[PDB]
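Worksheet for the structure shown next.
There are 8 protein chains.
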Amino acid sequence: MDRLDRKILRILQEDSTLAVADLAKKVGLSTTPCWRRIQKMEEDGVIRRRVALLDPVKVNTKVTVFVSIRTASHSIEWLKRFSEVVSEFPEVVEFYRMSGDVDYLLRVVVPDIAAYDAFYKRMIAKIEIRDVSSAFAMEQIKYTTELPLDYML
Amino acid sequence: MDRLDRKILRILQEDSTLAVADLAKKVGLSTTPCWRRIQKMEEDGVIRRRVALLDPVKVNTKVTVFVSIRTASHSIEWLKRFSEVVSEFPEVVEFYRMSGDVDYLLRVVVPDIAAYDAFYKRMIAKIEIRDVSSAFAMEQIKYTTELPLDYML
Amino acid sequence: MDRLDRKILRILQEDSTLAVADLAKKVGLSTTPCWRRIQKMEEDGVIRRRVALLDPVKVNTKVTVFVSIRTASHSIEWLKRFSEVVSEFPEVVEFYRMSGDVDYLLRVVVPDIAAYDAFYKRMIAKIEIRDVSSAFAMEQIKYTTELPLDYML
Amino acid sequence: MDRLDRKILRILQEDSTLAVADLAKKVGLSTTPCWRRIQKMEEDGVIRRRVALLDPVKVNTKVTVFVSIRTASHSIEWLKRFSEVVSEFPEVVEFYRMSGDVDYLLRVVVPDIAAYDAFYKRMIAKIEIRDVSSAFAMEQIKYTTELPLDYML
Amino acid sequence: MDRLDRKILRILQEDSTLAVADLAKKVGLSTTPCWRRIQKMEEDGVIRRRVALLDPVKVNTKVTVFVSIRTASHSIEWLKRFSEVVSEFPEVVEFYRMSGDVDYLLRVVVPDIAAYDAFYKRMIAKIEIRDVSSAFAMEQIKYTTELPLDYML
Amino acid sequence: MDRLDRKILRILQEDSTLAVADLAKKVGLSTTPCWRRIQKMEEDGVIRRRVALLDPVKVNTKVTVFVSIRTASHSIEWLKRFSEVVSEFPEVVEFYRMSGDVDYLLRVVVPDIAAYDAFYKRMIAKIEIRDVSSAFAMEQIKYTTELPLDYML
Amino acid sequence: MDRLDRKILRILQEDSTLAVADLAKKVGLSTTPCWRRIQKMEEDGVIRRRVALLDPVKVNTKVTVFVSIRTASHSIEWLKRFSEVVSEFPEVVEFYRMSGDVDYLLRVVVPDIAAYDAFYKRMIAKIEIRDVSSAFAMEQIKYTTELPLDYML
Amino acid sequence: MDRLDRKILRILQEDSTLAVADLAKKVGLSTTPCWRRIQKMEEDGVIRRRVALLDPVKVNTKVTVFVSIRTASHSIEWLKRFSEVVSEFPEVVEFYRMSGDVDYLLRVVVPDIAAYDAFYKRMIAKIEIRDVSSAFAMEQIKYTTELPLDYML
Ligand SMILES: [Ca+2]
Ligand SMILES: [Ca+2]
Ligand SMILES: [Ca+2]
Ligand SMILES: [Ca+2]
Ligand SMILES: [Ca+2]
Ligand SMILES: [Ca+2]
Ligand SMILES: [Ca+2]
Ligand SMILES: [Ca+2]
Ligand SMILES: [Cl-]
Ligand SMILES: [Cl-]
Ligand SMILES: [Cl-]
Ligand SMILES: [Cl-]
Ligand SMILES: [Cl-]
Ligand SMILES: [Cl-]
Ligand SMILES: [Cl-]
Ligand SMILES: [Cl-]
Ligand SMILES: [Cl-]
Ligand SMILES: [Cl-]
Ligand SMILES: [Cl-]
Ligand SMILES: [Cl-]
Ligand SMILES: [Cl-]
Ligand SMILES: [Cl-]
Ligand SMILES: [Cl-]
Ligand SMILES: [Cl-]
Ligand SMILES: [Cl-]
Ligand SMILES: [Cl-]
Ligand SMILES: [Cl-]
Ligand SMILES: [Cl-]
Ligand SMILES: [Cl-]
Ligand SMILES: [Cl-]
Ligand SMILES: [Cl-]
Ligand SMILES: [Cl-]
Ligand SMILES: [Cl-]
Ligand SMILES: [Cl-]
Ligand SMILES: [Cl-]
Ligand SMILES: [Cl-]
Ligand SMILES: [Cl-]
Ligand SMILES: [Cl-]
Ligand SMILES: [Cl-]
Ligand SMILES: [Cl-]
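Chains as they are written, first to last, in our numbering: chain G, 154 to 306; chain W, 154 to 306; chain S, 154 to 306; chain A, 154 to 306; chain U, 154 to 306; chain E, 154 to 306; chain C, 154 to 306; chain Y, 154 to 306.
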């Protein structure tokens with residue numbers, strides 16, 4: 154909405170644990186107006202939720218695999234059911250319908266190659282797909298849930 | 154650590170706003186032991202942080218671009234500086250060193266093609282790269298920050 | 154036909170608004186012979202039509218997408234109907250049957266990625282196609298309707 | 154601007170030869186208001202120009218080649234000069250800076266393969282380019298200079 | 154067979170018009186032994202035939218197209234009939250069953266792109282093929298019917 | 154030139170061994186006019202030469218390899234010298250400057266993979282080339298030196 | 154198991170012909186404890202077998218071909234039978250289910266291209282496969298059956 | 154050499170542990186002639202060595218990676234040193250100079266993705282390579298050191 158909302162969101166995306174009175178002080182605001190701004194943004198759905206982010210090394214999901222899918226020609230309903238069943242897998246953490254050479258791109262997290270192999274077998278039992286090409290990440294250099302706020306309007 | 158820690162984490166990854174006494178009740182625990190478990194997991198870094206997640210449509214970052222990079226042969230220090238300068242861009246929300254045909258995979262968020270074009274010009278002024286191939290997402294079907302907890306050990 | 158016809162066409166391809174008497178003077182001709190040359194070229198179909206060209210930024214069609222299609226094996230009649238239904242789309246501004254890896258190449262104009270996504274859904278409801286690979290233009294550096302006239306014979 | 158402007162433009166893109174009084178009647182308007190609308194659209198640059206379109210078979214430019222270019226890493230000024238020198242070629246009728254695997258896409262028109270070969274030699278004397286991949290069209294199924302007007306706003 | 158046979162063949166592959174007595178002198182042989190060597194090589198089929206070679210520019214077949222074919226899975230009999238019907242086309246001057254990404258490679262000669270287009274339509278009416286990718290030669294730098302004779306044994 | 158010349162050429166491309174009097178009878182001509190037609194076609198270079206064609210299995214050159222080359226950017230003189238040195242190799246029986254993904258296509262004949270390996274080492278000592286991709290033929294289904302004569306004009 | 158087991162295995166992987174008393178001396182052990190360690194490793198299956206390794210040049214299997222296979226979508230049982238029938242071929246010396254663009258990778262040994270061609274025909278009679286791409290090795294630079302022992306644990 | 158040598162080798166490739174007297178009985182031979190045949194084959198190098206084969210799961214090298222390398226143009230000596238330094242790595246168990254799109258193919262064994270990542274860093278410190286594309290095996294379906302003996306001659 155305005156520049157003060159942006160200052161609030163910039164901190165909230167980094168850390169939602171601050172007492173609302175300490176966030177207020179960090180953004181140059183009294184407590185009530187700060188709280189009221191946050192409430193409006195929650196109601197409007199700008200802030201969609203607040204979550205704990207876990208360490209993938211510590212919950213044993215340290216490998217990222219990017220799975221590239223090509224589909225055959227299919228009805229709007231088949232695509233709706235294909236994307237519902239891929240979405241149910243807890244290991245599929247991101248799922249995109251792409252343009253370009255590939256139809257869908259998934260990001261999958263698992264502890265190791267063998268865990269990936271067994272995930273893939275469960276996936277492929279439930280769907281049918283012309284071509285799957287999996288690519289394993291060697292390192293996660295950056296992963297953030299912070300959006301760029303320079304474009305807000 | 155144990156199965157009760159998993160029940161706690163499963164809720165925390167979905168919603169970190171609950172009062173600790175209400176989370177306790179949802180996991181079958183008294184309040185203090187629940188709190189003490191959460192504290193241990195924070196100290197140990199299993200829980201790395203708690204954050205607000207924003208709606209990309211509402212902060213004007215609705216387009217996702219997957220940028221595939223190939224590099225020339227370079228020193229361990231060049232790769233260290235290349236990955237530091239790509240990491241600074243607020244639009245680069247995910248950044249992986251890959252195995253396979255592509256050296257690096259970025260996920261970039263922007264409002265539109267023109268915003269992507271201008272991001273790309275800023276990136277390429279700061280780095281040098283044999284080949285960049287960008288692919289635009291048509292739809293984000295799933296995006297979650299919840300890790301699968303079935304592998305915890 | 155001859156070199157004076159070429160001088161006439163070179164101007165007409167740039168600007169068809171000139172009074173025929175001013176075009177005559179610009180090509181070194183009296184008015185009637187100039188007019189008579191233009192008439193012959195219209196009758197013969199060398200000049201096929203005269204049109205207004207609009208600014209794509211101002212009519213909200215600023216994104217160009219090049220859509221690469223591969224088809225299955227099909228009858229001469231299926232190809233005739235496939236190309237008739239793709240041709241009806243007002244967004245398909247150019248459409249070629251190609252040689253090489255790709256069977257067909259389309260140029261599509263739309264305001265944005267979302268408009269492209271919805272165009273693609275309408276297209277794909279009406280046709281069936283093994284593989285579509287879309288590539289978005291970052292910039293239109295040159296677009297002219299002027300043909301090279303150095304080869305005329 | 155409004156729906157009557159759209160009706161005017163829809164005809165103008167098809168045929169700019171009509172007397173303004175006959176266009177008026179076709180769009181449900183008196184002559185002066187029709188003329189005044191057209192003038193505004195010219196002044197504003199919505200209508201950028203009016204041109205004769207020629208028959209490529211009759212001016213001996215019947216072959217279309219789509220030329221895909223990849224460049225090395227280069228300064229913003231090199232790209233500015235590269236695109237100025239490619240733009241000067243009368244055979245390069247369309248020229249795009251692309252996203253995806255290819256850096257630039259050209260559409261080139263010539264009478265035959267040999268004319269293409271000689272064009273290519275002239276181009277490559279003047280520029281330096283990692284990779285050029287040319288693809289010849291077998292047929293031009295549709296070519297229009299009419300933009301879709303459904304998106305106007 | 155021996156080194157004198159090789160000297161004979163080296164000339165015969167270049168020019169079969171010489172009187173047998175002049176070939177004899179050029180290879181250091183009397184006429185009868187030279188003739189008798191040539192006869193043996195014809196009978197044994199080392200020399201398979203003698204032919205006129207024509208100038209492709211002068212018989213209006215100046216364009217070479219290399220056609221890469223991929224087939225579906227098929228019976229040994231389907232492949233036998235597919236290769237018999239492709240072989241009948243007078244424009245298919247060379248035809249290979251390949252290893253690697255492509256199943257078959259053809260060399261086709263025609264006067265121009267349009268002649269190629271019409272050849273392709275006739276071919277594809279008679280066969281069914283997953284993928285055809287045609288590539289046009291810009292120049293024939295070397296074409297010889299002379300085999301290397303350094304390996305003879 | 155005319156249809157009788159075509160009848161003559163159709164036989165000559167198959168077999169140049171016939172006495173001119175027997176060819177005459179096969180084409181419906183007296184001997185002298187037949188001879189005179191053949192002479193004209195030789196003088197004009199329509200018939201470029203007459204050669205013995207040998208059996209590749211019998212001269213120990215039974216393997217065909219198609220070698221795909223990509224070059225860097227180079228002067229018109231470098232390309233002239235590159236193509237002169239590749240042309241000298243007796244194993245390079247066909248050599249084309251291509252359009253498309255590949256810059257040059259060679260057809261190479263050798264007895265076996267090891268002979269190919271040693272040819273490749275000699276070639277690469279003498280030239281420098283970004284990318285060579287070799288593909289081995291499994292079978293030569295058709296190889297003819299007969300051009301299609303349906304296009305003659 | 155421990156570092157002395159590693160010293161034993163490092164020699165055994167190189168040469169299993171030594172009398173157990175000479176191996177003992179080479180690893181710093183008395184004979185019985187050395188023997189007892191070897192027995193334990195056989196019983197546990199760390200040592201799976203001892204074999205003669207033959208020279209491929211001397212048994213006429215000097216060509217290596219890497220065969221890349223893509224399959225259609227198939228049941229867990231079809232994949233089980235496909236992999237059983239490919240496994241029976243004595244020429245298929247290594248066989249992997251891959252991730253990435255290719256579904257399976259085989260290493261095949263034969264004397265020559267023709268032997269490969271005939272192997273391929275036998276394979277393809279028994280299985281059905283969307284795409285096979287074969288690549289021939291020019292040289293075997295290293296081939297060892299020794300595993301790296303630095304990771305043992 | 155002969156069919157009895159083949160019977161001996163067929164067993165030796167499977168199991169070299171048999172007492173020579175028991176192998177003799179299995180091949181239909183008295184002991185001395187069997188021994189003498191084996192000695193000849195060792196002296197001639199048909200049998201190159203006898204080795205223990207270990208279980209990759211039990212020595213913690215359970216992941217196979219196929220590493221595809223492309224090199225720049227280089228001297229015969231650079232290629233000699235490149236292949237010597239890649240050969241020294243104990244994890245590179247197979248190493249081939251290839252024909253086709255890829256210059257070299259390696260088979261690498263490691264316990265996991267992280268071990269592969271660290272191997273790759275050591276390799277790339279010691280060599281310079283245009284392009285490396287790694288592909289991870291999901292399963293080793295067959296791995297044998299037995300050559301096909303049907304081609305022996
Ligand atoms: Ca796959
Ligand atoms: Ca690009
Ligand atoms: Ca697509
Ligand atoms: Ca090219
Ligand atoms: Ca095609
Ligand atoms: Ca190569
Ligand atoms: Ca193949
Ligand atoms: Ca790589
Ligand atoms: Cl949400
Ligand atoms: Cl919330
Ligand atoms: Cl697409
Ligand atoms: Cl929170
Ligand atoms: Cl963190
Ligand atoms: Cl926290
Ligand atoms: Cl890699
Ligand atoms: Cl957009
Ligand atoms: Cl006009
Ligand atoms: Cl028209
Ligand atoms: Cl007109
Ligand atoms: Cl084609
Ligand atoms: Cl303009
Ligand atoms: Cl105008
Ligand atoms: Cl890009
Ligand atoms: Cl042409
Ligand atoms: Cl023959
Ligand atoms: Cl003959
Ligand atoms: Cl193959
Ligand atoms: Cl002759
Ligand atoms: Cl000649
Ligand atoms: Cl001649
Ligand atoms: Cl090209
Ligand atoms: Cl071979
Ligand atoms: Cl075993
Ligand atoms: Cl054993
Ligand atoms: Cl995969
Ligand atoms: Cl042994
Ligand atoms: Cl050895
Ligand atoms: Cl031995
Ligand atoms: Cl190669
Ligand atoms: Cl792993």
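C-beta: ideal position from N, C-alpha, C; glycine also.
Interface residues of chain A around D284 (chain E) at Cβ under 7 Å?
-> As a first step, residue 284 (chain E) is located in the sixth sequence; it is residue number 131 there, counting from the start. Correct list: empty, because the minimum Cβ distance to chain A is about 10 Å.
Have a look at the DSSP bridge pairing and note the partners of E247 (chain G).
-> Within the first sequence, residue 247 (chain G) is the residue found at index 94, counting from 1. Bridge partners of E247 (chain G): G:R260 and W:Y296.
Within 8 Å (strictly less), CB to CB, does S226 (chain Y) reach chain E?
-> Counting from 1 along the eighth sequence, the entry for residue 226 (chain Y) is found at position 73. Yes, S226 (chain Y) counts as interfacial toward chain E.
By Cβ distance below 8 Å, which residues in the same chain neighbour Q293 (chain U) in space, the five residues on each side in sequence not counted?
-> The residue given as residue 293 (chain U) occupies position 140 in the fifth sequence. Correct list, in chain order: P209 and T217.
Using a beta-carbon distance below 8 Å, is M251 (chain W) in contact with chain G?
-> The sequence position of residue 251 (chain W) within the second sequence is 98, counting from 1. Yes, contact with chain G.
Does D270 (chain E) get closer than 8 Å to chain C when you measure Cβ to Cβ?
-> As a working note, residue 270 (chain E) is residue 117 in the sixth sequence. Yes - at least one Cβ of chain C is within 8 Å of the one on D270 (chain E).
So what's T214 (chain S) in DSSP terms, helix, strand or just coil?
-> The sequence position of residue 214 (chain S) within the third sequence is 61, counting from 1. In this structure, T214 (chain S) counts as coil in the three-state DSSP scheme.
Same chain, Cβ closer than 7 Å to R203 (chain Y), five either side skipped, listed in chain order = Counted from its first residue, the eighth sequence places residue 203 (chain Y) at position 50. So the list reads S169, once near-sequence residues are dropped.
From the beta carbon of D155 (chain C), is the nearest beta carbon of chain Y less than 8 Å away?
-> Residue 155 (chain C) sits at position 2 when you count from the first residue of the seventh sequence. Taking a beta-carbon distance threshold of 8 Å, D155 (chain C) does not count as an interface residue toward chain Y.
Compare the Cα-Cα distances from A278 (chain G) to each of G:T298, G:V238, G:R260 and G:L171 and report the closest residue.
-> What you label residue 278 (chain G) is simply residue 125 of the first sequence in a count that begins at 1. It is G:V238 whose Cα lies nearest to the Cα of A278 (chain G).
Bounding residues of the alpha helix (DSSP H) (the contiguous stretch that carries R190 (chain G)) = Sequence index remark: in the first sequence, residue 190 (chain G) carries index 37 (1-based). Here the alpha helix (DSSP H) through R190 (chain G) covers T184 to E196.
Would you identify the three-state DSSP class for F289 (chain A), choosing helix, strand or coil?
-> Within the fourth sequence, residue 289 (chain A) is the residue found at index 136, counting from 1. Strand.
Under 8 Å Cβ to Cβ from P186 (chain A), same chain only, skipping five residues before and after it: list those, please.
-> Residue mapping note: residue 186 (chain A) aligns to position 33 of the fourth sequence, counting from 1. Counting only Cβ-Cβ distances below 8 Å, and skipping sequence neighbours, we find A177.
Count the other CB atoms within 10 Å of the CB of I266 (chain A); is the residue buried (16 or more) or exposed (fewer)?
-> The residue you call residue 266 (chain A) lines up with position 113 of the fourth sequence. Residue environment: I266 (chain A) is assigned as buried (16 or more neighbouring CB atoms within 10 Å of its CB, all protein chains considered).
Selection of the region 203 to 225 of chain U by Cβ proximity to chain E, strictly under 8 Å = Under the 8 Å Cβ criterion, the region 203 to 225 of chain U contributes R203, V204, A205, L206, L207, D208, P209, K211, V212, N213, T214, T217 and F219.
Which residue comes first and which comes last in the alpha helix (DSSP H) that contains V180 (chain C)?
-> As a working mapping, residue 180 (chain C) is identified with position 27 in the seventh sequence. That run of the alpha helix (DSSP H) goes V173 to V180.
Determine contact between the region 259 to 276 of chain U and the region 228 to 246 of chain U, defined as no fewer than three beta-carbon pairs at a distance below 8 Å.
-> Contact between the region 259 to 276 of chain U and the region 228 to 246 of chain U is present, because at least three Cβ pairs lie under 8 Å.
Tell me whether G181 (chain W) counts as near ligand 35, meaning its Cβ is closer than 7 Å to at least one heavy atom of that ligand.
-> Position 28 of the second sequence holds residue 181 (chain W). Flag unset: Cβ of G181 (chain W) not near ligand 35.
What is the rounded straight-line gap between the Cα of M291 (chain U) and the Cα of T224 (chain E)?
-> As a position in the fifth sequence, residue 291 (chain U) is number 138, starting the count at 1. As a position in the sixth sequence, residue 224 (chain E) is number 71, starting the count at 1. Taking the Cα positions, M291 (chain U) is about 15 Å away from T224 (chain E).
Using a Cβ cut-off of 8 Å (strictly closer), state whether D254 (chain C) contacts chain E.
-> Counting from one through the seventh sequence, the residue named residue 254 (chain C) turns up at place 101. No, no contact with chain E.
Is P264 (chain U) closer than 8 Å to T298 (chain U) when the C-beta atoms are compared?
-> Counting from one through the fifth sequence, the residue named residue 298 (chain U) turns up at place 145. Counting from one through the fifth sequence, the residue named residue 264 (chain U) turns up at place 111. Not in contact: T298 (chain U) and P264 (chain U) (Cβ atoms no closer than 8 Å).
Where does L306 (chain S) fall in DSSP's three states?
-> Working through the third sequence from its first residue, we reach residue 306 (chain S) at position 153. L306 (chain S): coil per DSSP, three-state reduction.
Do the CB positions of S226 (chain U) and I282 (chain C) come within less than 8 Å of each other?
-> Translated into positions along the fifth sequence, residue 226 (chain U) becomes position 73. Translated into positions along the seventh sequence, residue 282 (chain C) becomes position 129. Cβ atoms of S226 (chain U) and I282 (chain C): closer than 8 Å.
Could you run through the region 285 to 302 of chain E and flag, in chain order, every residue whose CB is less than 8 Å away from some CB of chain C?
-> So the close ones are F289, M291 and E292.
Chain C contacts from the region 190 to 204 of chain Y (Cβ-Cβ distance under 8 Å) | Correct list: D197, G198, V199, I200, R201, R202, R203 and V204.
May I ask you to report which of helix, strand or coil DSSP gives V204 (chain S)?
-> What you label residue 204 (chain S) is simply residue 51 of the third sequence in a count that begins at 1. Strand at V204 (chain S).
Going by C-alpha distance, which of C:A205, C:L171 and C:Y296 is nearest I191 (chain C)?
-> Along the seventh sequence, read from residue 1 onward, the residue named residue 191 (chain C) stands at position 38. The option with the nearest alpha carbon to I191 (chain C) is C:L171.
Ligand 40 heavy atoms versus the CB of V261 (chain G): any closer than 7 Å?
-> Translated into the one-based positions of the first sequence, residue 261 (chain G) becomes position 108. Residue side-chain check: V261 (chain G) keeps its Cβ at 7 Å or more from all non-hydrogen atoms of ligand 40.
Using a Cβ-Cβ cut-off of 8 Å (strictly less than) and excluding sequence neighbours within five positions of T184 (chain E), which residues of its own chain qualify?
-> Reading the sixth sequence from its first residue, position 31 is the one you call residue 184 (chain E). Contacts found: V173, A174 and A177.
Within the 8 Å Cβ cut-off, does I280 (chain Y) reach chain G?
-> Against the eighth sequence, residue 280 (chain Y) aligns to sequence position 127. With a threshold of 8 Å between beta carbons, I280 (chain Y) makes no contact with chain G.
Span separating the alpha-carbon of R201 (chain Y) from that of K274 (chain G) = Along the eighth sequence, one-based indexing puts residue 201 (chain Y) at 48. Along the first sequence, one-based indexing puts residue 274 (chain G) at 121. If I take the Cα positions, the gap works out to 41 Å.
Mind checking who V220 (chain E) pairs with in its DSSP beta bridge?
-> Counted from its first residue, the sixth sequence places residue 220 (chain E) at position 67. DSSP lists E:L259 and E:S287 as the beta-bridge partner residues of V220 (chain E).
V199 (chain G) in three-state terms, based on DSSP = Taking the first sequence and counting its residues from 1, one reaches residue 199 (chain G) at position 46. In this structure, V199 (chain G) counts as coil in the three-state DSSP scheme.
Could you tell me whether the Cβ of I266 (chain C) comes closer than 8 Å to any Cβ of chain E?
-> Position 113 of the seventh sequence, counted from the start, is the residue given in the question as residue 266 (chain C). At a cut-off of 8 Å between beta-carbon atoms, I266 (chain C) makes contact with chain E.
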